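>
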Amino acid sequence: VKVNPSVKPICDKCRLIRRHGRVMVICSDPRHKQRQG
Amino acid sequence: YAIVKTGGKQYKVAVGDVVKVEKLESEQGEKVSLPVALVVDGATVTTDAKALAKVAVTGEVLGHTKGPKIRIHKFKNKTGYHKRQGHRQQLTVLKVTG
Amino acid sequence: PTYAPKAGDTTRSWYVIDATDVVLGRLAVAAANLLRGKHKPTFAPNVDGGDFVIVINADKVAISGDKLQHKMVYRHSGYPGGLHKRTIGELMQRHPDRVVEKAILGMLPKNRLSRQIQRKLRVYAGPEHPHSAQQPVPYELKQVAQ
Amino acid sequence: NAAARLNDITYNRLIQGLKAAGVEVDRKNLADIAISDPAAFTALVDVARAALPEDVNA
Amino acid sequence: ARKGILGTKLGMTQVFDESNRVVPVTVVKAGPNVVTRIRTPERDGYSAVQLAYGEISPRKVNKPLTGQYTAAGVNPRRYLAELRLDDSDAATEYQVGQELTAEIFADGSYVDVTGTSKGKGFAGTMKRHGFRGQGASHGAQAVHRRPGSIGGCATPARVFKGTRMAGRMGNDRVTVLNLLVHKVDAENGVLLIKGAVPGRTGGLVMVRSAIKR
Amino acid sequence: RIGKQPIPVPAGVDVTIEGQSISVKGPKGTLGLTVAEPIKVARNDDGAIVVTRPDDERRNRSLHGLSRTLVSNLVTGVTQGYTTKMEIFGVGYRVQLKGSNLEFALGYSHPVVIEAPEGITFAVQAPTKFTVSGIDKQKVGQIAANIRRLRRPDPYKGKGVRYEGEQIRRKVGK
RNA sequence: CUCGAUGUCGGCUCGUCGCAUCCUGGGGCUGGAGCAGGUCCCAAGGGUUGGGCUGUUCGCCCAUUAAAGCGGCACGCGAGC
RNA sequence: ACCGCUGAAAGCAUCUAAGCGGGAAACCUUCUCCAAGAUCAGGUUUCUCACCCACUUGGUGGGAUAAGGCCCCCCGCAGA
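Residue numbers (my numbering), protein chains in the order written: chain A, 1 to 37; chain B, 1001 to 1098; chain C, 2001 to 2146; chain D, 3001 to 3058; chain E, 4001 to 4213; chain F, 5001 to 5174.
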C-alpha cells in the first residue's frame, strides 16, 4: 500500500471504498492499493 | 408546633420553648405576638395563608441577652491593611405560649 | 440545629442491586447514593449513615461494546514505565466486580469517609451473594418525576 | 431533596409547589419538619403536588 | 504432575562422564527422607503437596508443628516445604504419610533447583549491580566504586523507584534451571546435578523437575 | 429493489422460526443462525420463506441484504452443496488424503498436514487439482483461503493454489 | 522567574523516557527473475562495540558489526566525579 | 499493519455495517523473583483455653499464666 493522507483514484478501476476507519481504495491490481492515514 | 416567623428568619417552636430571637422591641413580662408560616397538630397541618394569618404565636419577651463576641480582624496581605472590629449581636430570649 | 446525626442514631439497612442488564454509570451512581446515604433524609457529610450495598450479576453489566475494547484502565506503579494499561474488556473477563467497584469508588467523594463508606459495598459476579445472613432487600433503580 | 424523593417528587417541584401554595416556610424549618415529622413533610409534599400546574408548559 | 523433592546440598565435585569429559557437578542429598501432607485444590484451592525433610528431636519443635506432624501421622522434620502440583488433585499420585526419594529423577531428567543464595552482605552497587564505577587514577577525587548519579535535575526532581542503589543483597530465593542430573545415589542418598546449585553448602534446596525439557 | 427475494426450499425440512433463529436439516447436516433483532423472518404457507421488517432507517437495508443472503446460505447450503474447486498451479504436489485430511507439499521440505477441522470435507481430482466442501459457505471460504495464502502470490512463474484460477497476475521477469 | 548567586562546555558514572526504527519481528508496493535491492505501513522488547586525530559535540578515518539509532530530561547527570 | 472468508446497503464489487479467521521480538498470559500494612489486612492446619483479686454484680482495670515468642549466653560460609 502507498499511504498518503489525500487519497484519490489512479485509473478507471479504483473503487473509493471505506473499510474500518482508514479510507482505502482498490483497483484490484496492487500497483498502488493506496490508503488514507 | 408552629414555624413562627420572626426577624426575617423562621423558627420551629411548640408551646413552652425558648428561642433566641432578634432584638424585638419589648421589655420583660409584656407578651408579644408573632406570625407563623406553618402550624401543625401532627396530622392536621395548616398551610393556607389566610388560615395562618389567624393563627398567632405568642410569647413573653424576657432576658434581652446579647450574642457572642464576634471578633473581626480583616487583613488582606502585603497590602498592609488591618481592620479589627468586634460585634455583640443584641438578642432576646423568648417563650412560646400558643 | 439538626436532630438527624448523633451517636448510634443512624439506621443500617441492606440493599441488593441486581446489575442484570443495567449500564455501568447508572448502576454506580445508584449504588454510590445508597452507599453515602443520600437516599436518606437524616443525612450529613460528617457521619456515615447509608446502607450496605450489594451488587450482584455484575458479570453481565452492560457496557457499550465499542467501549469493552477501547476504554482503558491505567494504574501506575511508580517505577519508570510501569504504566499498566488495560482495557475493561480483559478486565471484565477477569474481574467484573473490580470494574464495578472501581466505578463506584470513583463516584464517592475523595476523603476518609469515602473509605469508611466503600467498606460497605460488596460486589459479586454470579447471582449468588453470600451475605444472606441479613434480609438484603432488592433496590432497583427508578427515575422519579418532574 | 432526600425527603422529597422519598415522596416521589423532586426538590425542584417541591419548591415550586411550596411556592405556588405559598407556605412561607424556609429550607431550615422545612428540613426540621422533614427530619422529625415525615407526616408533616408528606402533608407538605401533597400541598406541593396540588400546587403544580399541569406540565412542562405554562 | 511436576515431580519434585526437597534435599540439602553437600558441596561440589567433578565427576567424569561417559564420553570422557568433565562434569563440574553439585551433590545434593535429596535422600529418601521426604514425606508428604497433601493440599487439596478444594479445601484451599492449591493442589499442592507438603513435603517434609529433616531429622530433629521432639524436644526441638514447638507444639503446633508437632501437632501437624501427628495429624499427618509423621515424626517431625526440621524443614517442611510445599510444592505446587497442577489444575488437578487426582487423588492417587500422593498420600498423607507417603515417602519420597531422589530416585524419581532418572539420570538425565533435567531438574531446576531452587534455594536461598549466600548473602553477599550489605553489598554496594558494584558487588550488587555491576557498576563500571568511576575511574581510579585520572583525578577521580573520591568516587571510585561509587554509584555516579541518580537521575536528572528538575522534572524528575526525585529519584525514580527501583533505582539501582546499595543495599543488602544475597539470600533471595533463586531458581537455577535445567540442571541435568548426572547420577543418583539411592544407595546412600545423594543426587548429582551437573551444574551450580544456589545456596550455602548444607542448606535447604528444592529439586523440581524442569518445565522446559 | 433488494426486497424481491423470499427464500424457497426444495427439501422443506426444518425451516421454521424457533424463536428468532433458523435451522435446516436434510441431505446435509444442520446449522443455526443468530440474526439481529430488528429483522423479521417468517415462513410461507406453501412451505417457502419470507423476510422483511417495516422499518426504513438505513440499518433495515444492510440487515436486509445480509440476513437474506445468510439464510440463503443456510438452506441452500444444507440442501444445495457448498464446495469450491481449487486447482494447484506449478510443480510438485500429489495428494495423500490421510484419515480424511490433506497433506500439502510444494517448494519446501516438511509437507504440511492441513488440520482436519470439524465440519468440512477434502476432495481431490488430480495431483494438480483438489476441492473442499461443507455446509456453511463461510466455513468453506475461510478454509479455502487457508489453503490459498500458501506460497503467497508470485507473478514470475505462478505457483498458485487458486479458485479454479480466477486470473492470477503475471511477471515482469528479467 | 532567578542578580542578598538558578555553577557554563566536553568526558566519566548512573540513568531514564519518546518514536521521528540503525538492527532484530511482521508486512504492502517494487521499473521486485534468484541474491538482493529501493520505497511506504505496523512495531520500543531487547540491542545499538572497539580505537586513531580533536577540549572538541561536529566530524574524517582504521577494524568491525546483526546494527554500529535520532532525540528528551537545567543542550539529564560537578551537595556524584 | 496487512491478509481473508460470509455479505449487504447500493439486484453488483467490496475484509465491514451484523458475523467469523489469520496475524509480530510490541500488550496480558508462560517462566524467575517480591508479595495479605492486598486496612479488601486471605486461606488450610495444629496448639493453649475457666484463671485468680478488687470494685460500680457486671463490664473494667489488675494480677497469674497456657501455647508461644523474646532478653541473657555459645555461635554462624547470617550479619553495620
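Don't be surprised by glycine CBs; every beta carbon is placed ideally from N, CA and C.
#1: Strictly below 8 Å CB to CB, what residues from chain D border B:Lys1005?
#2: So if DSSP puts B:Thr1058 in a beta bridge, which residue, or which two residues, is it bridged to?
#3: Could you check whether the stretch 1004-1013 of chain B touches the stretch 6-17 of chain A, counting it as contact only if at least three pairs of C-beta atoms, one from each stretch, sit closer than 8 Å?
#4: For E:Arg4084, which three-state DSSP category applies?
#5: Comparing the C-beta of E:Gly4148 with each C-beta of chain C, is any distance below 8 Å?
#6: B:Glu1060 and B:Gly1080 look like a contact to me (Cβ under 8 Å); what is the Cβ gap, rounded to whole Å?
#7: Can a CB atom of chain D be found closer than 8 Å to the CB of C:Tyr2003?
#8: Following the continuous beta strand (DSSP E) through F:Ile5088, name the residue where it begins and the one where it ends.
#9: C:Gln2118 by DSSP, collapsed to three states: which one?
#10: Is E:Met4206 buried or exposed, if buried means 16 or more other CB atoms sit within 10 Å of its CB?
#11: Work out the CA separation of C:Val2029 and residue 1156 of chain B for me, nearest whole Å.
#12: Of all the options C:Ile2056, C:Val2023, C:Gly2049, which has the alpha carbon lying nearest to the alpha carbon of C:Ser2132?
#13: Classify E:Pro4198 as buried or exposed, calling it buried when 16 or more other Cβ atoms lie within 10 Å of its own Cβ.
#14: Would you call the CB atoms of F:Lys5129 and F:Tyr5082 closer than 8 Å?
#15: For E:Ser4209 versus E:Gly4004, is the C-beta distance shorter than 8 Å?
#16: Please list, in chain order, the chain D residues whose beta carbon lies closer than 8 Å to that of C:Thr2011.
#17: May I ask you to report which of helix, strand or coil DSSP gives C:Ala2028?
#18: Which whole runs of the beta strand (DSSP E) in the stretch 4008-4055 of chain E are 3 residues long or more, in chain order?
#19: How far does the beta strand (DSSP E) with E:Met4206 in it extend, from its first residue to its last?
#20: Specify the secondary structure class of A:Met24 as computed by DSSP and reduced to three states.
#21: Indicate whether the contact test is met: 3 or more Cβ pairs, each with one atom in the stretch 5038-5057 of chain F and one in the stretch 4182-4197 of chain E, closer than 8 Å.
#22: Check E:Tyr4069 in the structure and name its three-state DSSP category.
#23: Please classify B:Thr1047: is it buried, with 16 or more other beta-carbons within 10 angstroms of its beta-carbon, or exposed?
#24: Sort out for me which residues DSSP pairs F:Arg5152 with in a bridge.
#25: Under 8 Å between beta-carbons, which chain D residues line up against B:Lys1012? List them in chain order, please.
#26: Among residues of its own chain, excluding the 5 on either side of E:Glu4099, which ones have a beta-carbon nearer than 6 Å to its beta-carbon?
#27: I think D:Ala3004 touches D:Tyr3011, with their Cβ atoms under 8 Å apart; what is that distance to the nearest whole Å?
#28: Let me make sure I understand the geometry here. Which of C:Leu2083, C:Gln2069, C:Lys2067, C:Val2047 has the alpha-carbon closest to that of C:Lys2006?
#29: Say whether chain C places a C-beta atom closer than 8 Å to the C-beta of E:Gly4045.
#30: Residue range of the alpha helix (DSSP H) that C:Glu2101 falls in?
#31: How long is the line joining the alpha carbons of F:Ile5147 and F:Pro5027, rounded to whole angstroms?
#32: If you reduce the DSSP assignment to three classes, tell me which class residue 1950 of chain C lands in.
#33: For E:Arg4128, which residues of its own chain have a beta-carbon under 6 Å away from its beta-carbon, when the five flanking residues on both sides are left out?
#34: Grab me the residues of C:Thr2010's own chain with a C-beta within less than 6 Å of its C-beta, minus the 5 sequence neighbours each way, in chain order.
#35: Name the DSSP beta bridge partners of C:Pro2138, please?
#36: Can you give the Cα-Cα distance for C:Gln2069 and F:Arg5149, rounded to whole angstroms?
Here's the rundown:
#1: Within the second sequence, numbered from 1, the residue matching residue 1005 of chain B stands at position 5. Ordered by position in chain D, the residues that pass the 8 Å Cβ test against B:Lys1005 are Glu3024.
#2: Position 58 of the second sequence holds residue 1058 of chain B. Its beta-bridge partners are B:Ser1033.
#3: no
#4: Looking up residue 4084 of chain E in the fifth sequence gives position 84. Strand, per DSSP.
#5: Along the fifth sequence, one-based indexing puts residue 4148 of chain E at 148. No, no contact with chain C.
#6: The sequence position of residue 1060 of chain B within the second sequence is 60, counting from 1. The sequence position of residue 1080 of chain B within the second sequence is 80, counting from 1. That belief does not hold up - the Cβ atoms of B:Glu1060 and B:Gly1080 are roughly 51 Å apart, past 8 Å.
#7: Mapped onto the third sequence, residue 2003 of chain C falls at position 3. For C:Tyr2003, the answer is yes, since a Cβ of chain D falls inside 8 Å of its Cβ.
#8: Numbered from 1 along the sixth sequence, position 88 holds the residue referred to as residue 5088 of chain F. Element bounds for F:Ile5088: n/a, residue is neither H nor E.
#9: As a working note, residue 2118 of chain C is residue 118 in the third sequence. In this structure, C:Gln2118 counts as helix in the three-state DSSP scheme.
#10: The sequence position of residue 4206 of chain E within the fifth sequence is 206, counting from 1. Looking at its Cβ environment, which holds 16 or more other Cβ atoms inside 10 Å, E:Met4206 is buried.
#11: What is shown of chain B runs 1001 to 1098, which leaves residue 1156 of chain B out entirely.
#12: Here residue 2132 of chain C refers to the residue found at position 132 of the third sequence. When each option's Cα is compared against that of C:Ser2132, the closest is C:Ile2056.
#13: Taking the fifth sequence and counting its residues from 1, one reaches residue 4198 of chain E at position 198. It is buried - the Cβ of E:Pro4198 has at least 16 other Cβ atoms within 10 Å.
#14: In the sixth sequence, counting from the first residue as 1, residue 5129 of chain F sits at position 129. In the sixth sequence, counting from the first residue as 1, residue 5082 of chain F sits at position 82. No; because the gap between Cβ atoms is not below 8 Å, this pair is not in contact.
#15: By 1-based counting over the fifth sequence, the position of residue 4209 of chain E is 209. By 1-based counting over the fifth sequence, the position of residue 4004 of chain E is 4. Contact: yes.
#16: For this step, residue 2011 of chain C is matched to residue 11 along the third sequence. Within chain D, no residue comes near C:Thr2011; the closest Cβ sits about 13 Å away, beyond 8 Å.
#17: Here residue 2028 of chain C refers to the residue found at position 28 of the third sequence. Reduced to three states, the DSSP call for C:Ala2028 is helix.
#18: 4008-4016, 4022-4029, 4048-4053
#19: On the fifth sequence, residue 4206 of chain E is found 206 positions in, with the first residue counted as 1. From DSSP, the beta strand (DSSP E) with E:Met4206 extends over 4206-4209.
#20: Along the first sequence, one-based indexing puts residue 24 of chain A at 24. Looking at A:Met24 - three-state DSSP - the assignment turns out to be strand.
#21: no
#22: Indexing the fifth sequence from 1 puts residue 4069 of chain E at position 69. Three-state result, E:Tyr4069: helix.
#23: Within the second sequence, the letter at position 47 stands for residue 1047 of chain B. Label assigned to B:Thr1047: buried.
#24: Residue 5152 of chain F sits at position 152 when you count from the first residue of the sixth sequence. Looking at the DSSP assignment, F:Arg5152 forms no beta bridge with any residue, so it has no partner.
#25: Here the question's residue 1012 of chain B lines up with position 12 in the second sequence. Near B:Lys1012 (Cβ distances below 8 Å), the residues of chain D are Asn3029, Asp3032, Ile3033.
#26: The residue given as residue 4099 of chain E occupies position 99 in the fifth sequence. Closer than 6 Å at the Cβ level, and outside the excluded window around E:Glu4099, lie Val4035.
#27: Reading the fourth sequence from its first residue, position 4 is the one you call residue 3004 of chain D. Reading the fourth sequence from its first residue, position 11 is the one you call residue 3011 of chain D. Yes, they are in contact, since the Cβ atoms of D:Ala3004 and D:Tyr3011 sit about 5 Å apart, within 8 Å.
#28: In the third sequence, counting from the first residue as 1, residue 2006 of chain C sits at position 6. Taking only the C-alpha atoms, the option nearest C:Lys2006 is C:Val2047.
#29: Here residue 4045 of chain E refers to the residue found at position 45 of the fifth sequence. Chain C contact via Cβ: absent.
#30: Translated into the one-based positions of the third sequence, residue 2101 of chain C becomes position 101. Per DSSP, C:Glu2101 belongs to the alpha helix (DSSP H) from 2096-2107.
#31: Looking up residue 5147 of chain F in the sixth sequence gives position 147. Looking up residue 5027 of chain F in the sixth sequence gives position 27. Straight-line Cα distance between these residues: approximately 26 Å.
#32: There is simply no residue 1950 of chain C to check, as chain C begins at 2001 and stops at 2146 in what is shown.
#33: Residue 4128 of chain E sits at position 128 when you count from the first residue of the fifth sequence. So the list reads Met4169, once near-sequence residues are dropped.
#34: Translated into positions along the third sequence, residue 2010 of chain C becomes position 10. Same-chain partners within the cutoff: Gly2049.
#35: The residue you call residue 2138 of chain C lines up with position 138 of the third sequence. BP columns for C:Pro2138 point to C:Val2016.
#36: To locate residue 2069 of chain C, count along the third sequence from 1; it is residue 69. To locate residue 5149 of chain F, count along the sixth sequence from 1; it is residue 149. Taking the straight line joining both Cα atoms gives about 29 Å.
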